[PDB]
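Asker: Just need the structure, nothing else, for what follows:
(chains A, B, C, D and E, ligands or ions: 15)
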Amino acid sequence: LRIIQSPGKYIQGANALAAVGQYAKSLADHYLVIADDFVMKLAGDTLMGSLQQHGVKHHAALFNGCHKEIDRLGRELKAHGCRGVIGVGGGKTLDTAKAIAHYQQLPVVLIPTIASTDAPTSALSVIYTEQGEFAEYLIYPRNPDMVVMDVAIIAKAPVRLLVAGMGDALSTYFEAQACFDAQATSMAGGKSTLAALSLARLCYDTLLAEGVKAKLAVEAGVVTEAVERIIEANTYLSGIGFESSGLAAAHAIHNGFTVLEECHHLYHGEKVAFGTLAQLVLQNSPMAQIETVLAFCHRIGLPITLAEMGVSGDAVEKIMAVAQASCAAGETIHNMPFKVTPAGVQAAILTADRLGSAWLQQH
Amino acid sequence: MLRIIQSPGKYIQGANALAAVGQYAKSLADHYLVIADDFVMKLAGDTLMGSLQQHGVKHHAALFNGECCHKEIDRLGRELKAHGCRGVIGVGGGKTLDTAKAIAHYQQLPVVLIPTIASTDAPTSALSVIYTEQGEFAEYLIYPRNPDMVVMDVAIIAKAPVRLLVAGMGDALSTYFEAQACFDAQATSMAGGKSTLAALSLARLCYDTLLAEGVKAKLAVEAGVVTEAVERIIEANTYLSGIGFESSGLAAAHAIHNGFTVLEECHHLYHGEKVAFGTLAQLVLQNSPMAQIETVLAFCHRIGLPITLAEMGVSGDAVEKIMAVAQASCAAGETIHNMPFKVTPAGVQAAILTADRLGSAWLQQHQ
Amino acid sequence: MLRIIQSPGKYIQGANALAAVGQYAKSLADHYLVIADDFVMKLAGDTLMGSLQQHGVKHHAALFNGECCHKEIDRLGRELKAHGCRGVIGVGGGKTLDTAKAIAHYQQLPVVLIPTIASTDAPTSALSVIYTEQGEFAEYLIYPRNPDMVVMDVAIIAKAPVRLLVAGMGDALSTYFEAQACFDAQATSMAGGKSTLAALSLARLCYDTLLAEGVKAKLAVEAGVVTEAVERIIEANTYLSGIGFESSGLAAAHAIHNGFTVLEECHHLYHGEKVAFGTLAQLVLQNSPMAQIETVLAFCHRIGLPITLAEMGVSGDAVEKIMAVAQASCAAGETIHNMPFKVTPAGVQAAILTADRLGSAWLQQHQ
Amino acid sequence: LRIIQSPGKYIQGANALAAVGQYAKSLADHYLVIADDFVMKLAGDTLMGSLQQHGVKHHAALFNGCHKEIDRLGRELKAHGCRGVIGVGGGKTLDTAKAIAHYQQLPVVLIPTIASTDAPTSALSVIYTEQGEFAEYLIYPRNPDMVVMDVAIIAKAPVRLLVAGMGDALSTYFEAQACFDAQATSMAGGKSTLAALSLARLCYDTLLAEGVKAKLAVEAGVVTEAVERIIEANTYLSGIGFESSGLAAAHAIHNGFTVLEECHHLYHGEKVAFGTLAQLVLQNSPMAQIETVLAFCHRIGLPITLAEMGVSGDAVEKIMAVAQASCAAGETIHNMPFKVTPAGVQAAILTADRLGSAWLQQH
Amino acid sequence: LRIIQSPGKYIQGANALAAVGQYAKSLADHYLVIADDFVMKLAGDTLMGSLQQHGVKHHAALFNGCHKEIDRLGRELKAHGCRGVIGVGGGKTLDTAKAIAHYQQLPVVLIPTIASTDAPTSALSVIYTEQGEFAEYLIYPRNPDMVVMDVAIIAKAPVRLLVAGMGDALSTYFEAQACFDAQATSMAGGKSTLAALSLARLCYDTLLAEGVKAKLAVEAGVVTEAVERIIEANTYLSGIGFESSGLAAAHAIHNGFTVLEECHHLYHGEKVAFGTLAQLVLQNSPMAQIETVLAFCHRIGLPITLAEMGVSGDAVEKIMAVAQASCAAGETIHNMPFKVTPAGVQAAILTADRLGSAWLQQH
Ligand code: NA
Ligand code: NA
Ligand code: NA
Ligand code: NA
Ligand code: NA
Ligand SMILES: [Zn+2]
Ligand SMILES: [Zn+2]
Ligand SMILES: [Zn+2]
Ligand SMILES: [Zn+2]
Ligand SMILES: [Zn+2]
Ligand SMILES: [Zn+2]
Ligand SMILES: [Zn+2]
Ligand SMILES: [Zn+2]
Ligand SMILES: [Zn+2]
Ligand SMILES: [Zn+2]
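Answerer: Numbers count the residues shown, from 1 in each chain, chains lettered A, B, ... in the order given. Ligands and ions are numbered 1, 2, ... in the order given. Pasting the structure now:
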């Protein structure tokens, strides 16, 4: 079976927060709104004013940066009798909103204030230990009902977060094409459709066409068409691509890197970018394609060496540990269309570092 | 100003998918009304009920009386309420599917659609097309959400008459051209905003899949079998085209199709057959280059879609009849105003009459 | 050494433009003599006078007696003077238009030309071609200014016989080749200088539009309708070709056309039909590569322009007749000396006889 | 309706001033010649000697750098019974000559001594307030009867003025193609013909082929074929292109910039060049096309950043005012094939500045 | 009529001097050998030994670096009853050998010891005044009977002379194509054949393919296949090309430059190279083709600016004199397919200088 899944509706544009009530109303007439105090300050009057205009009841919950904040927000929801969840903010908030909605069986509307990972459209949350190490992929039975991306808010967030989202999105084509070639099963539970693979590719093509242009707009805090295209790339295209087409070596290498303390200060997408580079070596991509990805990463500020990732000195045994972890049973690296072992992964990573360092020398 | 894309929750496709429907349906509900006419129940009923039983899903079969009318809808609503069903399954052709969407809408329950033919891109959409009883386009009726799940059993589809696959390729054929015209016009889609890059790209992928795979798939289905080409065309006729048209946009070809519904001579051709010709007429309306017209003429001729008025049953001095088609295609609210330029009845008449001439000259060169 | 481009003040085109002529004519004068033969008055008279009335423009109709002769010109001059008209409108075919240019010239008044056919590139030019009564080229007669305004009603043109559109494409066909030959020779145009980049580019755009749009437009006009392809060809046959030939240059093809006017066998073919063949002969004269000859042969054959002496009515031992064509094409003052190389009657005869052979071999392969 | 308009005759070449009498004679036998004292010194004997040779009467008027210099020259014309107007010199003179000819209903011959804007062929004059702010486009019912470009005179004018004319001409293809795509009405009053759009494109292609070569010739004060092609581009091609094919965002942005005091020292064409760059961002042109236009502007000396335009420091509110003004009702920016708002314009301008500044860094 | 002329036989290769007797014998059994003392020292035993081996009589004449050295060698020839002339050495010697052979009506064999101009195959000598100014082209009724190029000798001559020969050969395609386009009459007396034009083009293509490679070989004093190809290019291809296809602006500009004292220290071919560049401007070649010729000239050491030609300061009036002279009645510049005047030539030269100086800046 080929299977594609999607949120029911993805909405994007400048000041989309002021139009939320009209779409949210179609799903429920009473929401719990989960957001931290800083996001409530930026977004709360706009959002609450939209909800009121369309006759939607709302209760805002005190949220702070655990299955137990989830339980607590679960009880508060029942207490006020809410029929719906809105999450507003960064990843932890959106993840908590998906969990609450799931455990209560209610529709969920997600409103990301940054475009830094492809997580929001997905029926998935990534769980980490207390020490920051990858633990597991937690799969929910449904995608979010609705994802709303306000481009004006996103373009005012720190540019480094748009760049991180592009690093996450960079892996999508490469991972999806490897899975496709391998006939691997996606998280959606089948073989990839043409549709998912094609959005994954459009993701990559869009990054190459719009990445720099968008970065320059976001540095000035403004929304151009290039920014809208990258937000779409970073969020819808990447999200469908990864979940319905598949994950492979780049994400498994990211997860491996979480076992080193030295990289905990990088964003998810910065590490996936280097993991993508390592994958290019693992699958023996042609030098021209390595050059394209190195130039794109350098041009926008993604890491292309182990030193840029905070890993210095003789890294050989550290990267052995990263490789053992990226090859654990269950990991997505085994969706590659060839057999992969820790030794091959360590070799791909160490070589990618040399290729990125030689590139820096030439530039 | 907002870009919006909508989609069914899950689209599932492959050979003998009907036998696996229970795992997927179970995730939405444990009790379904199954709407199917008698021919479809005889064809698919034992496999489907078998699958449902095997996954602990309860089910009441209900015999569909062929037509998608408020009466049948209200009737099936009451029946559902009386056995306590928590979900609807539609199985079969377009009228059965459109009925199941409405039942699920009014009862506010989840719906699983199981098309047994791939002859239109309707199944994934939050939409039904209402005609009159005389067969004349009435209205687009729009639901506020898409079907939860669409299941395409490719083995079943490949045993259906090849003419129905061709008609679906005909409907799919318009998708790119209408989507790109809307995109160019900055027109609003049925999803309620400007097109995403995603919906436009799926629409283009539709056109490109038809050109790569359409003949190969037609040959396989003529033999009654499923190859990868058939799997690709079924995706193209269903998911790619369905998202492309709903979330990217309709334009001249479907408006021209609607306009042809005022002529009795056509009224029994399949929707996608007429839409193929309407696509040709759109090419003349927007002045596509000759190489692109040639490509489309060769595709339609190679798979068996009409490229002249005579193949649509229309002959003689059709000047007045085509002016009637043209007026109807330009009615207020029609999708032809989504073109990136001003369209008038006279321009539409011109494009139709000229498309006929192009296709007739192409037939005379045979190729 | 000077580059010069000249142009009508305003060129206006589109469907039902005749009904809007009053706004534009009003800007030049509030009182016009309207010169039209009776057939044209019956076809276009009520729309035109209607438009003029609606914008407060006064008008006296004058019946044109078919021929562009000093007598008719002097006559229409007197009539104008007697009602006090402050402008001339010419409506219809070439002889009507050439007459209106002369009337406006002698009376020193503004002129609006309304061609009801698109069969030559004459309308925009500061020019008239004088023949003898026996049909034999006499002289280019040159005015010191271009018509003020040229109005092309595409709806009217698309109802005229397709053969007249084809003949205009035939005339337009020579434009690029003659312009580029002149440009290469650094020859002086009828505008009085070397060609601008603008006039050459319009001439090339003419050729490129014919190749892209010519068949599509022909098909539409065979159906009696206006599509965008027809709008493009009408611009190509009229504005692009008219500026190209006047401000960029004439060369062998039109000189060869003139030379053919000494044979009775041709004398009733349309100007553009003969010019198409003269273009072919120009291709052989300048040794165009075979691929370019093929392209032109396929274009002329596909739209119905002559590619052999027999299609121009000439048969048998035409050795002497073609030597007479060749001598006349090389007369002192003819445009064939604008070629970027020395041309003699023997070379022209060679090019003609050889072009006939090329076109006859092409006909035998049918394609 | 598709409509194209043109002057009746455009004449160009080296020492074309010495041949003027032969063409002017065809229109009238007695002219008022309007020119400042410096232009009279350069051009007057050549011109007056040509007029005499062909039996053309002439009276020269004292002209100085207002509807009232127009009225005064109007009365002087009647006083001597003149049948014709010749304007010789820069834009203000040519504009005054068009106005006089119009109010008196006589033929006009224009003789530009610089090739710095595409105004001369057109039936249009741009009106500004006393403080230099764009006021309105004033449309006359006729184009000039004749435009005469003496290339020897033009090639001796300061090169910075040829460069400015190239900046004005740079916008023409982009603006015409946007209008064409939008099915916008031109100043000629219809939809664009194929002819006008095609001259607009030829304009752009000519600039890219001949711009540098012409600039180098004009730096030495001489006329080569490249100079003749750029003069034609800057004057005939651009003039037909803009008037008969259409204006769009680049000119509207130029008009916006006139509300800042900081840019009043740049020529019209220098500001249109940056406005063209901003338009490329607004319409999301591909990076390759941005690179081509950035390299061309840099290569000839047109501005590619807000600092090169004299706008320094935090420009954000200043560019907001430029964007509000470029979007006024009536402005040509609404001929773009998509909806445009002040926020989008401000974003395009600020981003174009970042793109031009990044380009400078690489060069 | 199309007419091509050629020497009867062209022979080339390493140590070709040692095989001369076998070819010279076919024409006559007794030669006068004209050569200076330095060339006699290098070449004389090899040559005289070859002549002896094939039963050819020989008398060597005292030759020194005028119609009167020609008359004197004329009488000495009769005195010894010689049946043939061999010239060995540089241009003056070969020119004197052609003159003697002509006035005595005997066969002539030319043996160039340098490959610095395309003169040797031709029926032409260029005459200069005492002050070094171009005087006239003197056309003989016959080409030389035989030209023998010993590549080993040539590759040991100063590299600067191979480079000069490449500068002369650089003009050949451009001049021949201009004449062809103009339907100009060549010195052979008709229109160009296909053959001559095609050798002219092969000349240019060979220079671009082999020029650098040959220069590097000749810097080490050795013969590779690239050297053989450039010698052929510089001598046979260029010689047939220029004489049978035609001369145009580049040579006329060279002749113009002979009126300035400042350039008398450059070789013929160094000045023709810049004259070629000026011609590229005169005919408005595309920038890409200008770039190719600038890079080739720079790469091998030909001049691309007036300063490299020794012309400094304000050159404007000097270049006016060069342009007047290049346009004299009779000059080849009128074989261009467009009218040419002194002003246009001065403009082409001054602009070419600016283009060459801008190129130097970028490199
Ligand atoms: Na990803
Ligand atoms: Na469709
Ligand atoms: Na013509
Ligand atoms: Na412009
Ligand atoms: Na040479
Ligand atoms: Zn609540
Ligand atoms: Zn990720
Ligand atoms: Zn039930
Ligand atoms: Zn359809
Ligand atoms: Zn009257
Ligand atoms: Zn003609
Ligand atoms: Zn006066
Ligand atoms: Zn401007
Ligand atoms: Zn002797
Ligand atoms: Zn030479």
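Asker: Does ligand 6 have contacts with stretch A:53-70?
Answerer: Yes. Applying C-beta under 5 Å from the ion, one finds that stretch A:53-70 is in contact with ligand 6 at residue A:59. Heads up, the C-betas are built off the backbone N, CA and C, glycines and all.
Asker: And that stretch, what's buried?
Answerer: Applying a neighbour-count criterion of 16 or more other C-beta atoms under 10 Å in any protein chain shown, one finds A:56, A:58, A:60-61, A:63, A:69-70 buried in stretch A:53-70.
Asker: Next, see if it gets close to chain B.
Answerer: No. Judged by C-beta under 8 Å from any C-beta of the partner chain, stretch A:53-70 and chain B are separated, with a smallest distance of 13.3 Å.
Asker: CA atoms only: put that stretch into CSV for me.
Answerer: Presented in CSV, the C-alpha positions along stretch A:53-70 are these (Å, rounded to 0.1, in the frame of the first residue of the first chain):
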residue,chain,number,x,y,z
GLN,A,53,-15.3,38.0,16.2
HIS,A,54,-16.5,34.6,15.0
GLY,A,55,-18.3,33.6,18.2
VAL,A,56,-15.6,31.3,19.5
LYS,A,57,-15.2,30.8,23.2
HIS,A,58,-11.7,30.7,24.6
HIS,A,59,-9.8,30.1,27.8
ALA,A,60,-6.0,30.8,28.0
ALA,A,61,-3.9,28.5,30.1
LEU,A,62,-0.7,29.4,32.0
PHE,A,63,2.0,27.5,30.2
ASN,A,64,5.7,27.3,31.0
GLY,A,65,8.7,25.8,29.0
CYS,A,66,6.5,16.2,30.6
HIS,A,67,3.4,13.9,30.5
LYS,A,68,2.4,15.9,33.7
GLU,A,69,2.1,19.4,32.2
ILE,A,70,0.0,17.5,29.7
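Asker: Quick one: residues in contact with it.
Answerer: Stretch A:53-70 is contacted from outside by A:21-22, A:24-25, A:28-36, A:40, A:44, A:48, A:51-52, A:73, A:76, A:80, A:82, A:86, A:92-93, A:96, A:99-100, A:103, using C-beta atoms under 8 Å, 6 or more residues apart in numbering or on different chains.
Asker: Let me know whether residue A:117 touches residue A:268 as I believe.
Answerer: Yes. With contact defined as C-beta atoms under 8 Å, residue A:117 reaches residue A:268; the gap is 5.4 Å.
Asker: Would you mind grabbing the residues shared as contacts by the two?
Answerer: Common neighbours of residue A:117 and residue A:268, using C-beta under 8 Å, 6+ apart, are A:164, A:168.
Asker: Who has more neighbours out of these two?
Answerer: When residue A:117 and residue A:268 are compared for neighbours, residue A:117 comes out ahead with 27 against 20, by other C-beta atoms under 10 Å in any protein chain shown.
Asker: Please list which of the contacts of stretch A:53-70 also come close to ligand 11.
Answerer: Among those, ligand 11 is touched by none when using C-beta under 5 Å from the ion.
Asker: Out of those, which end up buried?
Answerer: The buried subset of the contacts of stretch A:53-70 (16+ other C-beta under 10 Å) comprises A:21-22, A:24-25, A:28, A:31-36, A:40, A:44, A:48, A:51, A:73, A:76, A:82, A:86, A:92-93, A:96, A:99-100.
Asker: for residue A:189, helix, strand, or coil?
Answerer: Following DSSP: H, G, I helix; E, B strand; the rest coil, we place residue A:189 in the coil state.
Asker: circling back: out of the buried residues of stretch A:53-70, which two sit at the greatest distance?
Answerer: Set against one another by C-beta to C-beta, the buried residues of stretch A:53-70 have their most distant pair in A:56 and A:69, with a gap of 24.2 Å.
Asker: residues contacting the residue lying closest to residue A:322 once chain neighbours are set aside?
Answerer: Distances taken as C-beta to C-beta, 6 or more residues apart in numbering or on different chains put residue A:256 closest to residue A:322, at 4.0 Å, once the chain neighbours are dropped. Shown in contact with residue A:256 (C-beta under 8 Å, 6+ apart): A:134, A:321-327, A:345.
Asker: change it to 10 Å
Answerer: A:133-134, A:249, A:271, A:275, A:278, A:319, A:321-328, A:331, A:333, A:342, A:345-346, A:349 (C-beta atoms under 10 Å, 6 or more residues apart in numbering or on different chains).
Asker: Can you turn the buried part of those residues into a PyMOL selection?
Answerer: Command for PyMOL that selects the buried part of those, burial taken from 16+ other C-beta under 10 Å:
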select buried, chain A and resi 133+134+249+271+275+278+319+322+323+324+325+326+327+331+333+342+345+346+349
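Asker: Mind checking which of the contacts of residue A:256 are in helices?
Answerer: If you go by DSSP state H, these have A:249, A:271, A:275, A:278, A:319, A:321-326, A:342, A:345-346, A:349 in helices.
Asker: Just confirm residue A:162 contacts residue A:300, I think it does.
Answerer: Yes. Using C-beta atoms under 10 Å, residue A:162 is in contact with residue A:300, at 8.7 Å.
Asker: Between these two, which contacts overlap?
Answerer: Shared contacts of residue A:162 and residue A:300 (C-beta under 10 Å, 6+ apart): A:211, A:214-215.
Asker: among these, who's most crowded?
Answerer: residue A:214 leads the shared contacts of residue A:162 and residue A:300 on contacts (other C-beta under 10 Å) with 31 neighbours.
Asker: and it, what are its phi and psi?
Answerer: When read as degrees, to the nearest 10, the backbone of residue A:214 gives phi -70, psi -40.
Asker: same deal with residue A:59?
Answerer: phi -130, psi 130.
Asker: can you check the one 5 residues further on too?
Answerer: Note on residue A:64: its backbone torsions stand at phi -130, psi 150 [degrees, to the nearest 10].
Asker: Buried residues of stretch A:128-148, list them for me.
Answerer: Neighbour-count burial for stretch A:128-148 [16+ other C-beta under 10 Å]: A:133-134, A:137, A:140, A:142-148.
Asker: ranges for the helices of the stretch 51-200 of chain A?
Answerer: Remark: helices assigned in the stretch 51-200 of chain A by DSSP state H, counting those that start in this stretch are A:67-80, A:91-104, A:151-156, A:159-182, A:194-219.
Asker: of all the ones you listed, which lies closest to ligand 5?
Answerer: For these, the distance to ligand 5 is smallest for helix A:194-219, at 48.7 Å, taking C-beta to the ion.
Asker: hmm, whatever helix or strand comes next after the closest one in reach of chain D?
Answerer: As assigned by DSSP states H and E, the chain's next helix or strand after helix A:194-219 is helix A:225-232. Yes. Residues of helix A:225-232 contacting chain D under C-beta under 10 Å from any C-beta of the partner chain: A:225-229.
Asker: measure whatever residue of the stretch 1-150 of chain A ends up closest to chain D to ligand 8 for me?
Answerer: Closest residue of the stretch 1-150 of chain A to chain D, C-beta to the nearest C-beta: residue A:14 (7.1 Å). When distance is defined by C-beta to the ion, to the nearest Å, residue A:14 is 47 Å away from ligand 8.
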